[PDB]
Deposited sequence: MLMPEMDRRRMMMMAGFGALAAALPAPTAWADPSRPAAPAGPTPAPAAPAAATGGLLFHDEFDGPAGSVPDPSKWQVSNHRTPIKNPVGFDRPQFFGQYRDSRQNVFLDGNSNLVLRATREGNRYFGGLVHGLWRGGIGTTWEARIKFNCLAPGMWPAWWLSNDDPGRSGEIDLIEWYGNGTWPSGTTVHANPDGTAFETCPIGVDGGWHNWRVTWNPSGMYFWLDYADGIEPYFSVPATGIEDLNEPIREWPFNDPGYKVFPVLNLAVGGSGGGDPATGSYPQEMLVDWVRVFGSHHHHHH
C-alpha cells in the first residue's frame, strides 16, 4: 500500500542489521584542518562490530557508544536503498544517549558527485553548546542550509519528513491533522538559492548514527559508556 522500504529490525540479539538493507560503517572520515574536538584524540571512530551496532532481539536496532582504553567507538548504518521525491520517511527512535560526548542523528543523504545534499531530521549535540534540531543542507559544505531547533527528550518518538515537489515538511510524533513543526519550501532572486532536491532523478538514502566526539559531540573523555540510540523501525512511503 505505498510502502517503498522498511526495516522493522526483527532478529536475534547480537546479530548484524539486515545486510541487504544496511551497510555498517567501519570508518569515520577524519576532519580536514581539525580544531577543538574534531582533533583525532577526541574523534570517536565507527566500527563494524556487534559491540557497537547490533539488533537487541527485541526488534530494535542498537547503536552503542563504547570505550576501550582511550579509544572511543560509536556506530553508523547507511541504507542501501535510495528514494526520490514524493516520499515520506519516518523512524521510531529512543535516545538513551543524551549525554556529553554523544552526537546522535537520523538523516537522509545524497552523495551524487557535484550535487550532494543532506536532510537532517534530528540531531542532538553532546557538546553542551549547540541546540538540538532539524536541518536541510543543499550543499555538502554547510553553507546552504535551513535549520530549526526542536527539543529532544529520552522517550520513544517518531521523526518524519515528507519530501514532495513543493518542499520538505517535518513532524515529531505525526498524527492526522497536526501541522509540521518545520517547513522548507522548494525554490520557486539573485543570488539564486541553492536547491538540488527538485532535480530530475535526485534520490536520498537513510542514515542512523551515534557519533562519539567531534565538534558536535564534545569531549568524549567526559562521556559515559555505554550510551545507546534505539531504533524500533524505519519506514518509507511513496505518494501516488
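Counting the deposited sequence from 1, the stretches lacking C-alpha coordinates are 1-53, 242-245, 298-302.
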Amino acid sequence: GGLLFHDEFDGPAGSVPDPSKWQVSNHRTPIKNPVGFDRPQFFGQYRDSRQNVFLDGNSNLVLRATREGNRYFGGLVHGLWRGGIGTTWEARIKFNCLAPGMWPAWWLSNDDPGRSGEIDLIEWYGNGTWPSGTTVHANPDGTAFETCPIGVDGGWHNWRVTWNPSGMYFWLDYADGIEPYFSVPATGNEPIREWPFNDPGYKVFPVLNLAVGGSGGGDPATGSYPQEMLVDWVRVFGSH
From here on, numbers count along this sequence of modelled residues.
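Looking at 130-138 and 101-109 together, the entry lists the larger mean B-factor for 130-138, computed on C-alpha atoms. In this crystal structure, the stretch out of 40-48 and 175-183 whose C-alpha atoms carry the higher mean B factor is 175-183. You'll see in the entry that, of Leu121, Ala144, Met168, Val77, the Cα B factor peaks at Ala144.
Across the residues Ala211, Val204, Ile192, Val62, the deposited record lists the maximum Cα B factor for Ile192. The PDB entry assigns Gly223 a C-alpha temperature factor belonging to the middle third of its chain's modelled residues. Ranked against the other modelled residues of its chain, the C-alpha B-factor of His240 as given in the entry falls in the highest third.
Ranked against the other modelled residues of its chain, the C-alpha B-factor of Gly154 as given in the entry falls in the highest third. Among the modelled residues of the chain, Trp81 sits in the highest third by CA temperature factor in this PDB entry. When the CA B factors of the chain's modelled residues are split into thirds, the value for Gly217 lands in the lowest one.
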